[PDB]
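J.: The structure file work-v1.txt (compact mmCIF, C-alpha atoms and all ligand atoms) is provided below.
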# COMPACT_ATOMS: atom_id res chain seq x y z
CA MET Z 1 85.93 -13.87 -43.65
CA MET Z 2 85.34 -11.37 -46.46
CA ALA Z 3 83.20 -8.32 -47.24
CA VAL Z 4 79.53 -9.13 -47.81
CA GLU Z 5 78.68 -6.82 -50.71
CA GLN Z 6 78.16 -9.21 -53.62
CA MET Z 7 78.51 -6.71 -56.47
CA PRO Z 8 77.64 -7.37 -60.14
CA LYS Z 9 80.20 -8.59 -62.67
CA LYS Z 10 78.37 -10.16 -65.60
CA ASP Z 11 77.45 -9.19 -69.16
CA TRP Z 12 73.90 -8.76 -67.86
CA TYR Z 13 74.28 -5.48 -65.97
CA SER Z 14 76.76 -4.53 -68.69
CA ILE Z 15 74.18 -5.09 -71.43
CA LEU Z 16 71.83 -2.51 -69.91
CA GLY Z 17 74.47 -0.57 -68.01
CA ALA Z 18 72.06 -0.49 -65.08
CA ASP Z 19 73.67 -0.08 -61.66
CA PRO Z 20 73.03 -2.74 -58.98
CA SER Z 21 70.94 -0.16 -57.12
CA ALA Z 22 68.57 0.50 -60.02
CA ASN Z 23 65.03 -0.88 -59.91
CA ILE Z 24 62.76 -2.82 -62.27
CA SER Z 25 60.95 0.43 -63.03
CA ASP Z 26 63.92 2.48 -64.24
CA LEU Z 27 65.12 -0.68 -65.99
CA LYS Z 28 61.73 -1.10 -67.68
CA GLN Z 29 61.85 2.12 -69.71
CA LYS Z 30 65.63 1.89 -69.99
CA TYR Z 31 65.24 -1.63 -71.40
CA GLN Z 32 63.06 -0.80 -74.41
CA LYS Z 33 65.44 2.09 -75.07
CA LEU Z 34 68.82 0.47 -74.42
CA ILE Z 35 67.91 -2.77 -76.18
CA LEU Z 36 66.43 -0.81 -79.08
CA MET Z 37 69.74 1.01 -79.57
CA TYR Z 38 71.62 -2.26 -79.06
CA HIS Z 39 69.88 -3.77 -82.08
CA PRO Z 40 71.60 -3.65 -85.50
CA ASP Z 41 71.23 -0.38 -87.41
CA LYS Z 42 74.09 -0.51 -89.92
CA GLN Z 43 74.14 -1.02 -93.69
CA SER Z 44 76.34 -4.06 -94.34
CA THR Z 45 75.17 -7.29 -95.99
CA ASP Z 46 78.68 -8.77 -95.92
CA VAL Z 47 78.16 -10.95 -92.86
CA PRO Z 48 78.25 -14.59 -94.05
CA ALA Z 49 77.27 -17.09 -91.36
CA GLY Z 50 78.02 -14.61 -88.59
CA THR Z 51 74.78 -12.88 -89.56
CA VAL Z 52 72.92 -15.67 -87.76
CA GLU Z 53 75.37 -16.12 -84.88
CA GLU Z 54 74.90 -12.41 -84.18
CA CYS Z 55 71.11 -12.36 -84.51
CA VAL Z 56 70.61 -15.42 -82.30
CA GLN Z 57 73.18 -14.07 -79.85
CA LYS Z 58 71.57 -10.63 -79.59
CA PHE Z 59 68.24 -12.32 -78.87
CA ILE Z 60 69.52 -14.25 -75.85
CA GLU Z 61 71.70 -11.30 -74.85
CA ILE Z 62 69.04 -8.59 -74.54
CA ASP Z 63 66.85 -11.19 -72.83
CA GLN Z 64 69.68 -12.30 -70.54
CA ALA Z 65 69.79 -9.01 -68.62
CA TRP Z 66 66.06 -8.56 -69.17
CA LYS Z 67 65.51 -10.99 -66.29
CA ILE Z 68 68.84 -11.50 -64.52
CA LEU Z 69 69.98 -7.93 -65.14
CA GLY Z 70 72.06 -8.35 -62.00
CA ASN Z 71 73.21 -11.14 -59.68
CA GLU Z 72 71.32 -14.41 -59.24
CA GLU Z 73 69.22 -12.85 -56.48
CA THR Z 74 68.02 -10.41 -59.13
CA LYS Z 75 65.33 -12.63 -60.64
CA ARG Z 76 66.22 -16.30 -60.24
CA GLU Z 77 62.80 -17.20 -58.84
CA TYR Z 78 61.66 -17.36 -62.46
CA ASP Z 79 64.41 -19.77 -63.49
CA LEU Z 80 63.66 -22.46 -60.91
CA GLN Z 81 59.98 -21.68 -61.53
CA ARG Z 82 59.82 -23.45 -64.89
CA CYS Z 83 62.33 -25.98 -63.54
CA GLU Z 84 60.30 -27.29 -60.59
CA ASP Z 85 57.38 -27.43 -63.02
CA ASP Z 86 59.40 -29.18 -65.73
CA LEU Z 87 60.75 -31.71 -63.24
CA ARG Z 88 57.39 -32.79 -61.81
CA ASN Z 89 56.18 -33.53 -65.34
CA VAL Z 90 58.92 -36.16 -65.49
CA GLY Z 91 58.10 -37.85 -62.20
CA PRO Z 92 59.62 -41.22 -61.24
CA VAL Z 93 61.33 -42.37 -64.43
CA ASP Z 94 64.76 -43.53 -63.27
CA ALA Z 95 64.14 -45.13 -59.88
CA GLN Z 96 63.98 -44.62 -56.11
CA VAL Z 97 67.02 -44.22 -53.86
CA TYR Z 98 67.29 -45.04 -50.16
CA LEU Z 99 68.89 -42.61 -47.71
CA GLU Z 100 70.82 -45.64 -46.46
CA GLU Z 101 72.70 -45.60 -49.77
CA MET Z 102 73.59 -41.91 -49.91
CA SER Z 103 77.01 -41.83 -48.24
CA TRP Z 104 76.61 -39.54 -45.23
CA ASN Z 105 79.51 -37.30 -44.22
CA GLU Z 106 80.00 -36.46 -40.54
CA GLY Z 107 82.22 -33.56 -41.58
CA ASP Z 108 79.43 -31.38 -42.95
CA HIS Z 109 76.55 -33.68 -42.00
CA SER Z 110 75.23 -34.28 -45.52
CA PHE Z 111 74.61 -36.98 -48.13
CA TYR Z 112 75.70 -37.40 -51.75
CA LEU Z 113 74.84 -39.83 -54.55
CA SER Z 114 76.76 -40.84 -57.67
CA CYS Z 115 75.03 -41.74 -60.94
CA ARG Z 116 76.10 -44.65 -63.13
CA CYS Z 117 76.89 -42.49 -66.17
CA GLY Z 118 79.35 -39.84 -65.03
CA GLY Z 119 77.58 -37.10 -63.11
CA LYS Z 120 76.64 -37.07 -59.43
CA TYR Z 121 74.53 -35.23 -56.86
CA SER Z 122 75.02 -33.88 -53.34
CA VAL Z 123 72.35 -32.68 -50.91
CA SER Z 124 72.66 -31.34 -47.36
CA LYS Z 125 71.13 -33.11 -44.36
CA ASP Z 126 68.78 -30.12 -44.14
CA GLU Z 127 68.18 -29.70 -47.87
CA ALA Z 128 67.15 -33.32 -48.40
CA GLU Z 129 64.81 -32.81 -45.44
CA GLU Z 130 63.04 -30.01 -47.32
CA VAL Z 131 63.29 -31.40 -50.85
CA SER Z 132 62.83 -34.85 -52.40
CA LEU Z 133 62.99 -34.59 -56.19
CA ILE Z 134 66.56 -35.05 -57.42
CA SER Z 135 67.61 -35.20 -61.07
CA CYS Z 136 70.93 -36.09 -62.68
CA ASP Z 137 73.12 -33.45 -64.33
CA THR Z 138 74.06 -35.62 -67.31
CA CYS Z 139 71.53 -38.26 -68.35
CA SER Z 140 67.79 -37.69 -68.76
CA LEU Z 141 66.70 -39.31 -65.49
CA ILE Z 142 65.48 -38.47 -61.99
CA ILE Z 143 65.38 -40.22 -58.61
CA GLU Z 144 63.46 -39.84 -55.36
CA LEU Z 145 65.07 -39.07 -52.00
CA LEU Z 146 63.33 -41.32 -49.48
CA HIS Z 147 64.38 -41.18 -45.82
CA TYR Z 148 63.77 -44.59 -44.24
CA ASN Z 149 64.63 -45.26 -40.60
CA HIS Z 150 66.51 -48.52 -40.11
CA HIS Z 151 69.26 -48.29 -37.49
CA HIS Z 152 67.58 -47.98 -34.09
CA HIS Z 153 69.70 -48.50 -30.97
CA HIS Z 154 69.92 -45.06 -29.36
CA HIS Z 155 72.85 -43.32 -31.05
ZN ZN F 201 73.10 -39.84 -64.68
Could you rewrite the structure in this file as structure tokens?
T.:
Amino acid sequence: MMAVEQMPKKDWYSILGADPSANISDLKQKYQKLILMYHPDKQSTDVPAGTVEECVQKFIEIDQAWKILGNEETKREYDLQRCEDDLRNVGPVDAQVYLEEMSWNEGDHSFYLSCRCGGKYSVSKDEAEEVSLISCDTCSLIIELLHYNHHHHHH
């Protein structure tokens, strides 16, 4: 039981200094301006190595807030967007898993699978009912969540 405010606290909103109440509009014009000023404008060619670490960092930085200027709810729809599209392209490469294998927990009513490399997955009884494509967070592979009915004896 805690307050349901969910305020910002990342380098994103700090990169553009845009309050959590701001909108994409105000952030639009403020972006080209803020970012512009954020770019390097000093006269110093004495940055060995770091010169790149800074350039490449500033690129991902300005872009970081550009989309997720705030919390995840800010603009995460775009993230998963390319994901769901990048996952389908892979299709069935690893293998298919049976719901009878995914250890079901009566505590939270959910199932979870463990890869044979190191990582593992965990989906909710409801989630797995809405989704199907499940990839591993370690090795380049993906499995399919198939729900097959076997046990049938009324509870
Ligand atoms: Zn794996």
J.: Mind checking which residues fall within 9 Å of range 8-16 of chain Z, counting all atoms listed in the file, ignoring those fewer than 3 positions away in the same chain, and posting them as a VMD selection string?
T.: chain Z and resid 19 to 20 27 30 to 31 34 to 35 38 61 to 71
J.: Print the selection's residues with C-alpha atoms to a file, as an mmCIF file, in the coordinates of the input.
T.:
data_model
loop_
_atom_site.group_PDB
_atom_site.id
_atom_site.type_symbol
_atom_site.label_atom_id
_atom_site.label_comp_id
_atom_site.auth_asym_id
_atom_site.auth_seq_id
_atom_site.Cartn_x
_atom_site.Cartn_y
_atom_site.Cartn_z
ATOM 1 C CA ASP Z 19 73.670 -0.080 -61.660
ATOM 2 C CA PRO Z 20 73.030 -2.740 -58.980
ATOM 3 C CA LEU Z 27 65.120 -0.680 -65.990
ATOM 4 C CA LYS Z 30 65.630 1.890 -69.990
ATOM 5 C CA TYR Z 31 65.240 -1.630 -71.400
ATOM 6 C CA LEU Z 34 68.820 0.470 -74.420
ATOM 7 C CA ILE Z 35 67.910 -2.770 -76.180
ATOM 8 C CA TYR Z 38 71.620 -2.260 -79.060
ATOM 9 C CA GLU Z 61 71.700 -11.300 -74.850
ATOM 10 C CA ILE Z 62 69.040 -8.590 -74.540
ATOM 11 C CA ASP Z 63 66.850 -11.190 -72.830
ATOM 12 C CA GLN Z 64 69.680 -12.300 -70.540
ATOM 13 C CA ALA Z 65 69.790 -9.010 -68.620
ATOM 14 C CA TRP Z 66 66.060 -8.560 -69.170
ATOM 15 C CA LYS Z 67 65.510 -10.990 -66.290
ATOM 16 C CA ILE Z 68 68.840 -11.500 -64.520
ATOM 17 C CA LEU Z 69 69.980 -7.930 -65.140
ATOM 18 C CA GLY Z 70 72.060 -8.350 -62.000
ATOM 19 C CA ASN Z 71 73.210 -11.140 -59.680
#
J.: Residues within 10 Å of residue 90 in chain Z, please, as an MDAnalysis selection string. Count only C-alpha atoms; anything in the same chain fewer than 5 positions from it doesn't count.
T.: chainID Z and resid 85 135 140:142
J.: Mind pulling up the distance from CA of residue 72 in chain Z to CA of residue 7 in chain Z?
T.: 10.9 Å
J.: Kindly work out which residues sit at most 7 Å from ligand ZN 201 (chain F), using only C-alpha atoms and all ligand atoms, and give the list as a PyMOL selection string.
T.: chain Z and resi 115-120+136-139+141
J.: Of the candidates Z:127, Z:25, Z:78, Z:144, which shows the shortest atom-to-atom distance to residue 91 in chain Z, using all atoms listed in the file?
T.: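 Using all atoms listed in the file, the shortest distance to residue 91 in chain Z belongs to Z:144.
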J.: Just checking: using all atoms listed in the file, which residue out of Z:105, Z:84, Z:149, Z:77 ends up closest to residue 131 in chain Z?
T.: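 Checking each candidate against residue 131 in chain Z, we get Z:84 as the closest.
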J.: Using only C-alpha atoms, what residues lie at most 12 Å away from (62.6, -48.2, -59.2) (file coordinates), given as an MDAnalysis selection string?
T.: chainID Z and resid 91:98 141:146
J.: Is there a way to get, as a PyMOL selection string, all residues within 12 Å of the point (74.5, -8.0, -86.1) in file coordinates, counting all atoms listed in the file?
T.: chain Z and resi 38-59
J.: Between Z:99, Z:110, Z:73, Z:32, which has the minimum distance to residue 6 in chain Z (counting all atoms listed in the file)?
T.: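 Ranking Z:99, Z:110, Z:73, Z:32 by distance to residue 6 in chain Z, first place goes to Z:73.
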J.: So, with all atoms listed in the file as the atoms that count, which of Z:133, Z:24, Z:1, Z:37 lies closest to residue 86 in chain Z?
T.: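 Residue with the minimum atom-to-atom distance to residue 86 in chain Z: Z:133.
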